[PDB]
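Visitor: First the structure, which I've put down as structure tokens, then a few questions once you've had a look.
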Amino acid sequence: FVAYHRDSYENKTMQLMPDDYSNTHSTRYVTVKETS
Amino acid sequence: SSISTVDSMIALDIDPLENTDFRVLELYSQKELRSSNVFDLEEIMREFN
Ligand SMILES: *[C@@H]1O[C@H](CO)[C@@H](O[C@@H]2O[C@H](CO)[C@@H](O)[C@H](O)[C@H]2NC(C)=O)[C@H](O)[C@H]1NC(C)=O
């Protein structure tokens with residue numbers, strides 16, 4: 001089983017972005033910032 | 001004159017009770033009483049939102 005994000009390729013070192021502020025405590029860092 | 005006067009007044013001087021302004025003692029502030037809970041409802045509702 002697998003769920004490729006996009007282009008069906010994999011094993012890519014994607015960085016984490018500071019994202020946008022959501023809650024006064026959470027400091028979330030995301031990557032993205034019949035598909036899957 | 002030059003004559004001694006008998007001192008026969010038995011002194012009863014009862015100092016009055018001095019006034020006391022009682023403080024409103026605060027043991028735990030509102031911040032401590034709000035932080036004493038593991039589960040804060042407001043934070044949970046903000047996370048759900
Ligand atoms: C992406 O690359 C990583 C790092 O090489 C792969 O991680 C390996 O995964 C296998 C399978 O579970 C483990 O046995 C290895 O120990 C992992 N590598 C390390 C260095 O610990 C990962 O499988 C790759 N993802 C893919 C190909 O989808």
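Ligands are numbered from 1 in the order shown, residues from 1 within each chain, and chains are lettered A, B, ... in the order they appear in the structure tokens.
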Can I get the residues close to ligand 1 as number ranges by chain, where close means within 8 Å and we count only C-alpha atoms and all ligand atoms?
Guide: A: 10-12
Visitor: Please identify every residue of chain A that has at least one atom no more than 9 Å from any atom of chain B, counting only C-alpha atoms, and report them as a short mmCIF file (atom, residue, chain, number, x, y, z; two decimals) with C-alpha atoms, in the first residue's frame.
Guide:
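Dumped to iface_7.cif:
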data_model
loop_
_atom_site.label_atom_id
_atom_site.label_comp_id
_atom_site.auth_asym_id
_atom_site.auth_seq_id
_atom_site.Cartn_x
_atom_site.Cartn_y
_atom_site.Cartn_z
CA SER A 22 -3.33 29.20 14.20
CA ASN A 23 -3.44 29.09 18.02
CA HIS A 25 0.12 27.74 21.84
#
Visitor: Quick check, in Å to one decimal: how far apart do CA of residue 40 (chain B) and CA of residue 24 (chain A) lie?
Guide: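 Atom-to-atom, CA of residue 40 (chain B) to CA of residue 24 (chain A), that is 13.5 Å.
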Visitor: Apply DSSP to the backbone of this structure and, from chain B, keep only the residues in helix (DSSP H, G or I); write these as a PDB file with N, CA, C and O atoms, in the first residue's frame.
Guide:
ATOM      1  N   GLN B  30      -6.322  34.729  40.503  1.00  0.00           N
ATOM      2  CA  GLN B  30      -7.184  34.165  39.470  1.00  0.00           C
ATOM      3  C   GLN B  30      -6.376  33.381  38.443  1.00  0.00           C
ATOM      4  O   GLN B  30      -6.844  32.363  37.920  1.00  0.00           O
ATOM      5  N   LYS B  31      -5.160  33.843  38.140  1.00  0.00           N
ATOM      6  CA  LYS B  31      -4.318  33.133  37.182  1.00  0.00           C
ATOM      7  C   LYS B  31      -3.974  31.734  37.678  1.00  0.00           C
ATOM      8  O   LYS B  31      -4.023  30.767  36.910  1.00  0.00           O
ATOM      9  N   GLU B  32      -3.630  31.604  38.961  1.00  0.00           N
ATOM     10  CA  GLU B  32      -3.313  30.286  39.505  1.00  0.00           C
ATOM     11  C   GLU B  32      -4.541  29.386  39.523  1.00  0.00           C
ATOM     12  O   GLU B  32      -4.447  28.190  39.221  1.00  0.00           O
ATOM     13  N   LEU B  33      -5.704  29.944  39.869  1.00  0.00           N
ATOM     14  CA  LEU B  33      -6.922  29.142  39.896  1.00  0.00           C
ATOM     15  C   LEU B  33      -7.332  28.696  38.500  1.00  0.00           C
ATOM     16  O   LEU B  33      -7.934  27.626  38.345  1.00  0.00           O
ATOM     17  N   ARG B  34      -7.023  29.492  37.475  1.00  0.00           N
ATOM     18  CA  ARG B  34      -7.307  29.068  36.110  1.00  0.00           C
ATOM     19  C   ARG B  34      -6.267  28.085  35.589  1.00  0.00           C
ATOM     20  O   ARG B  34      -6.593  27.220  34.769  1.00  0.00           O
ATOM     21  N   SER B  35      -5.022  28.195  36.052  1.00  0.00           N
ATOM     22  CA  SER B  35      -3.953  27.308  35.616  1.00  0.00           C
ATOM     23  C   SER B  35      -3.884  26.015  36.413  1.00  0.00           C
ATOM     24  O   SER B  35      -3.089  25.136  36.067  1.00  0.00           O
ATOM     25  N   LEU B  41     -11.102  24.372  29.094  1.00  0.00           N
ATOM     26  CA  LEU B  41     -12.171  24.263  28.107  1.00  0.00           C
ATOM     27  C   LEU B  41     -11.957  25.220  26.941  1.00  0.00           C
ATOM     28  O   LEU B  41     -12.216  24.866  25.784  1.00  0.00           O
ATOM     29  N   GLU B  42     -11.493  26.439  27.225  1.00  0.00           N
ATOM     30  CA  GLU B  42     -11.322  27.430  26.167  1.00  0.00           C
ATOM     31  C   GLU B  42     -10.292  26.975  25.143  1.00  0.00           C
ATOM     32  O   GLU B  42     -10.505  27.115  23.933  1.00  0.00           O
ATOM     33  N   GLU B  43      -9.166  26.427  25.607  1.00  0.00           N
ATOM     34  CA  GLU B  43      -8.145  25.948  24.681  1.00  0.00           C
ATOM     35  C   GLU B  43      -8.658  24.783  23.847  1.00  0.00           C
ATOM     36  O   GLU B  43      -8.378  24.701  22.646  1.00  0.00           O
ATOM     37  N   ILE B  44      -9.424  23.879  24.461  1.00  0.00           N
ATOM     38  CA  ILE B  44      -9.977  22.746  23.723  1.00  0.00           C
ATOM     39  C   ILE B  44     -10.931  23.231  22.640  1.00  0.00           C
ATOM     40  O   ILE B  44     -10.907  22.740  21.503  1.00  0.00           O
ATOM     41  N   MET B  45     -11.785  24.202  22.970  1.00  0.00           N
ATOM     42  CA  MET B  45     -12.729  24.709  21.981  1.00  0.00           C
ATOM     43  C   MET B  45     -12.014  25.472  20.873  1.00  0.00           C
ATOM     44  O   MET B  45     -12.413  25.395  19.707  1.00  0.00           O
ATOM     45  N   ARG B  46     -10.950  26.204  21.212  1.00  0.00           N
ATOM     46  CA  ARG B  46     -10.159  26.865  20.178  1.00  0.00           C
ATOM     47  C   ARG B  46      -9.499  25.853  19.251  1.00  0.00           C
ATOM     48  O   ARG B  46      -9.446  26.061  18.033  1.00  0.00           O
ATOM     49  N   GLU B  47      -8.982  24.753  19.807  1.00  0.00           N
ATOM     50  CA  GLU B  47      -8.380  23.724  18.964  1.00  0.00           C
ATOM     51  C   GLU B  47      -9.419  23.077  18.059  1.00  0.00           C
ATOM     52  O   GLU B  47      -9.150  22.822  16.881  1.00  0.00           O
ATOM     53  N   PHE B  48     -10.610  22.798  18.593  1.00  0.00           N
ATOM     54  CA  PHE B  48     -11.674  22.237  17.764  1.00  0.00           C
ATOM     55  C   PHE B  48     -12.062  23.196  16.644  1.00  0.00           C
ATOM     56  O   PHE B  48     -12.239  22.781  15.490  1.00  0.00           O
TER      57      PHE B  48
END
Visitor: Might you pull out every residue within 9 Å of residue 32 (chain A), with only C-alpha atoms counted and same-chain residues fewer than 6 positions away left off, and present them as a PyMOL selection string?
Guide: chain A and resi 14+16-17
Visitor: Work out how far apart CA of residue 39 (chain B) and CA of residue 20 (chain A) are and give it in Å to one decimal.
Guide: 25.2 Å
Visitor: Provide the CA of residue 18 (chain A) to CA of residue 6 (chain A) distance in Å, to one decimal place.
Guide: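 Spanning CA of residue 18 (chain A) to CA of residue 6 (chain A) is a straight-line distance of 21.7 Å.
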